[PDB]
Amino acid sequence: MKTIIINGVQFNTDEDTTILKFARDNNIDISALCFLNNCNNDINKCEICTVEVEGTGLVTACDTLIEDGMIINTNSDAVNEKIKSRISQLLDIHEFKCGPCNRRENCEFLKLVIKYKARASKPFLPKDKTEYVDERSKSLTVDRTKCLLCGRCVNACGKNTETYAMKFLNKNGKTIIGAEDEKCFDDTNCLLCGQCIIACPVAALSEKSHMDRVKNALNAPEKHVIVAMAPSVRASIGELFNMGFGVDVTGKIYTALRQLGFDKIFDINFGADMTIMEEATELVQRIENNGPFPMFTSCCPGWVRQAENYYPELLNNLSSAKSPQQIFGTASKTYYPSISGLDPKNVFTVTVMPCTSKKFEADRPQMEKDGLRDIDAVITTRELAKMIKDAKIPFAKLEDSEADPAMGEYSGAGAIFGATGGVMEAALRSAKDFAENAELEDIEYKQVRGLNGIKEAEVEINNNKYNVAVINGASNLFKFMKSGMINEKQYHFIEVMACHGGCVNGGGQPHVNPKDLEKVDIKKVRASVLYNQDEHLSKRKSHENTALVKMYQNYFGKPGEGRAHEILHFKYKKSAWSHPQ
């Protein structure tokens, strides 16, 4: 048990904890920069969390345990002068030009610069930014004129994915962050999940922009531009318009998209119901064929890359149903012309995703048919927010509108896709009706929901028991495989999401500062919007989507065979054996 003095205030406590956490718990202000996800930059501490421990001197509060007898001052002249000096030294390596910067409104560094009134000793004005910028990836971009070498991306990659695809590198004697051997991230084991972006306090890591693709299509006279947003966008984008957390902004988005000039307003949740139609049918086919088991979901492109890069032997076990993005895009170039008269070559299909890996998915060479891409552009939640703001659209004051129904209606099963276990729950609702030839009333699968990293359940389908697992985060996929859990029982159907919490925590999502992350459970609060939609929607099974039923009846035929299997499916194949590697 210990007695601590902080700024003249005595505390008696038996906690073993850092100075930073104790102070934050007790409403004592201490700044921090490189501390995130319970780690700081061990090899280059930022020291923004400096406090004074009398008799010891200046210490980093984020990684120093409280001890009995400690006398701590967090706000003395020596403390503030040290912190201001560290910020000044960061300004010496930082192109401090906030005007055009993509983190201008929510940058953690600018906040600290303002708080400590810090100024560079010599302004950093690189004349040739070409050498600092890497835009080679289909998903990520790096601007090292902004990089603080705080290490948050390196730490976040290891924690979220355990790939360590984000590394410190020695480039010509100086330290940078980047991919293995300074390669393009796409050419490495990187998942392109963008958790590194989410962890970055500044504009050093970003998504690969598709905004010019979209603007050029909107302005082209002959192009008919469809837009469709992912489940998670409607639960998240309001954060960037000062509306707070957990706000359902679906109807405002539809209105904003119309004001941006898009020609048709659809919804990827329609694609989610499509994916369930194909994937639940496939699961039932596998049950009747007594294999092959397990089936894995195939809708998360971060997981697909993880399987390609680390578990190629599982590729044959992935469901062949395209992801909602790609299945929707395929239908947008085939079914949609059939009900509209549009020339398929003039359709330009844009999605809004919470995800950077979806850009790589959309750009895969074979994601096209008859020369027409399934998906022509993917913009992140952050990109859509900037597009709205650039157009001076008053998002928070917009009236609600509706999607165009033909590829815009969605069931409550599609609505929950963006949360971990959502795909599993949605798929079970259709699979059990399909296999039992029934219209079952009990449709809620709460046992697969929530933030546990590995969630297993036994389910009864047509009077048999099957084992399902929901793998929640790429690091948890490694744990499930490396620990042998995949062999502890026979699994039949496994959902994998690369981002812990599901797509609501994807790499294209609004940044959240560390203090808000402590006060708000962002993964739960964003997901709550989706579960709330499902609870109150009339149709809660994908196969009850009336517009989807019409599309299958009039165009595709039966799911899982014939034309539907021919055009709505995509199989990944391992590389053939060769030597060397």
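Quick note: we count residues from 1 along the sequence shown, nothing fancier. Between two forms, the rigid core is defined as the largest C-alpha subset superposing within 1.5 Å.
For 314 to 322 versus 72 to 80, the mean Cα distance to the shown form in 7 other deposited structures of this protein after rigid core alignment is larger for 72 to 80. In summary, of the stretches 121 to 129 and 266 to 274, 121 to 129 shows the greater Cα distance from the shown form in 7 other deposited structures of this protein, with structures fitted on the rigid core. Once the C-alpha B-factors are averaged per stretch, 216 to 224 and 150 to 158 rank with 216 to 224 first. Comparing 183 to 191 with 240 to 248, the higher mean C-alpha B-factor in the PDB entry belongs to 240 to 248.
The maximum CA B-factor among the listed residues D374, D273, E425, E95, taken from the PDB record, is found at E95. The entry lists C-alpha B-factors for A204, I265, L283, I494, and the highest of these is at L283. Among the modelled residues of its chain, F328 has a C-alpha B-factor that falls in the lowest third according to the deposited record. The deposited CA B-factor of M551 belongs to the middle third of values across its chain. When the CA B factors of the chain's modelled residues are split into thirds, the value for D433 lands in the highest one.
Ranked by Cα temperature factor within the chain, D63 sits in the lowest third according to the deposited record. The PDB entry assigns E488 a C-alpha temperature factor belonging to the highest third of its chain's modelled residues.
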